[PDB]
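Single chain ahead, written as structure tokens, the form deposited in one PDB entry.
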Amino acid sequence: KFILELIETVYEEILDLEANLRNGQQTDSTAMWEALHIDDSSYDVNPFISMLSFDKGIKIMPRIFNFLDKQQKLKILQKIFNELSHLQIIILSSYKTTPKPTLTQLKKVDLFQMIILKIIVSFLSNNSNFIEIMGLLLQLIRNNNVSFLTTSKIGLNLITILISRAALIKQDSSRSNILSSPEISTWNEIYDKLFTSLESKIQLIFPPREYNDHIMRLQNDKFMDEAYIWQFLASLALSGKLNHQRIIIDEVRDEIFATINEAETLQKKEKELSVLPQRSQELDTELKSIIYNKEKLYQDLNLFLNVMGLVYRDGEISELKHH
């Protein structure tokens, strides 16, 4: 393709950069940047966006990013948030639009998650200010079916990364009154724009059990791993007013009780395994696995419950006591 040639020239441009890095020369990504075709609108679909559809394109991204400055990194993120709704890996990771992913589609989703989102997190955590997060957030909000996005694992995680970083800086800055009025106001405007794009569709962040089942079989284990769903719920809740929080917890209340029920079932299985005398190692690894799964369900729900000042503990939801 025209995209494989681009990947080879980008790669060569990388090796060049590395030699100059290694030989103590100043680094210049100008040619690497050009080779990505980030501003190129000649084609139906941008060639850098197209490059993200290839495992190889994905796998060289950390080395590309090693040579970019912050302005270049930001520009790349901006490009990604504009094309999000029709970005392949989003379509691939939505249960709506890809209700039965194959193993290789899954591994692709994981690869993108493992590599691209890791880079995005490092970048935003080491190089970002409130206004840049706001802009990325507005941009996502303006240019996508945000709810559709939330049905995607990558899409949701991208929202959570942005939203938790914003909350974090606002928290670190609040301790000494850094952050202007126009910024706190804009965040509450932007937050409320995000919120209202999700209102009444929040539960659609949880995929159908059927879909969960299909995925469990492909990966060979009994494992809802939905931490990323609860992490999103926690961050969404953390930045809302009481009104926002009551709406949220009301909309996901069936999922809260299904998770509690899931946890209670594992707790019962744990008890009946625990009373058995002189177990074999295989029985004991069965027991350790049930315990771990039980604890993960606790910890994942409690992530969200804690933000509402609640805690699930021993079959009960009670008021979280910090003191």
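So that there is no doubt, residue numbering starts at 1 and follows the sequence shown.
120-128 versus 175-183 - greater average Cα B-factor per the deposited record:
Per the PDB entry, the higher value belongs to 175-183.
Quick check on the record: does 45-53 or 272-280 carry the larger mean Cα temperature factor?
The entry gives the higher C-alpha B-factor average to 45-53.
When the CA B-factors of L138, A227, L149, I249 are compared as recorded in the entry, which is the largest?
That would be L138.
Taking the Cα B-factors listed in the entry, which of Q71, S239, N157, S93 comes out highest?
Most elevated C-alpha B-factor of the set, per the entry: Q71.
Per the entry's values, where does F223 land by CA temperature factor relative to the rest of its chain, in the lowest, middle or highest third?
For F223, whose C-alpha B-factor we compare with every modelled residue in the chain, the answer is the highest third.
Can you tell me which third, lowest, middle or highest, the CA B-factor of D16 falls into for its chain?
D16: CA B-factor falls in the highest third of its chain.
Mind checking which third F206 falls in for C-alpha B-factor across the chain?
Lowest third, going by the recorded CA B-factors of the chain.
Could you look up the Cα B-factor of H37 in the entry and say which third of the chain it sits in: lowest, middle or highest?
CA B-factor rank for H37: highest third.
Chain-wide C-alpha B factor ranking for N302, given as lowest, middle or highest third
For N302, whose C-alpha B-factor we compare with every modelled residue in the chain, the answer is the lowest third.
Quick note: we don't show the form deposited with a partner chain bound, though the next part is all about it.
Work out which of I291, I256, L273, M61 lies within 4.5 Å of the partner chain in the deposited bound form, going by heavy atoms.
Residue within 4.5 Å of the partner: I256.
Which one of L242, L103, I131, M114 is close to the partner chain in the deposited bound form, taking close to mean a heavy atom within 4.5 Å?
By the 4.5 Å criterion, the partner-contacting residue is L242.
When the partner chain is placed as it is in the deposited bound form, which of 50-58, 256-264, 277-285, 25-33 ends up with heavy atoms within 4.5 Å of it?
Single hit among the candidates: 256-264.
Using 4.5 Å between non-hydrogen atoms, is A167 touching the partner chain in the deposited bound form?
No, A167 is distant from the partner.
My question is simply whether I249 lines the interface with the partner chain in the deposited bound form - judged by any non-hydrogen atom within 4.5 Å.
Yes, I249 is a contact residue.
Heavy atoms within 4.5 Å of the partner chain in the deposited bound form: does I3 have any?
No.
So, in the deposited bound form, is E8 in contact with the partner chain at a 4.5 angstroms heavy atom limit?
No, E8 stays farther than 4.5 Å from the partner chain in the deposited bound form.
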